[PDB]
């Protein structure tokens, strides 16, 4: 009983190294037979491509079969910008941007349309919170709005823009986090607020795209992973040790584990699953208390 994506195509918005979930989601979708089209945040695109081409990620490219993952094509992208009339002269002038073009979501989707004409799977695997290090109390309107835009509306734009080239029976998946639903000290700047909306949008978009084009929409609320961004937030390591001590099952969490879950959810086996928020966290979220409390 395979998770079969053979003949399917996927657009993965959010890889820039072999260190996060997106890469992992990509091996899984690759491993299932899907054709990978990666969405790379412009700034990182150059180095990613270079590293990729020269082989920095070769081991990371080894599929379950021993074969290596192939990345069909890499498109530069910035999910905060929907169309060319939207970018600011400052943003355009802003260096890296000079080097690749057609990187707004609308443009990206267009290149893809022209390039392969359609996709089946759409994978959101990005976000950003300029003030993540601040408590909601110390978080500015702009910062808050930035987070919501980058981490939340970014999914709405991509889906909306790609939907027209998504083959019926296709699906999308995103990566959320428990902070949307529970208080997680340290995840500030409106990032919490952002997942909440991302998750809410999943249910809404599920209805809309489901009815519009029989496309499924879900999201995976993932456990902590020392990705690049995570390490940037700076609390992930403790979070990894927290999850290790206190989860129903005690073990490591691996990118791998979120990847397969995503591959499943975007496959035909998951045909009756839509509007979901699946927790791939070793059950952590289901705990009523932490085992490690000094009181115990």
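Residue numbers count along the first chain shown, from 1.
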Between 93-101 and 175-183, the record assigns the higher mean Cα B factor to 93-101
Between 26-34 and 243-251, the record assigns the higher mean Cα B factor to 26-34
From 196, 156, 166, 217, the top C-alpha temperature factor is at 166
Residue set 211, 203, 141, 134, per-entry CA B-factor max assigned to 211
Here the Cα B-factor of residue 265, set against its chain, lands in the third termed highest
Residue 10: CA B-factor among chain residues, third -> highest
Of the three thirds of Cα B-factor ranks in this chain, residue 43 occupies the lowest
So, residue 229's CA B-factor, relative to its chain, sits in which third? The lowest
Tertile call for residue 160 (CA temperature factor, within chain, third-based) is the highest
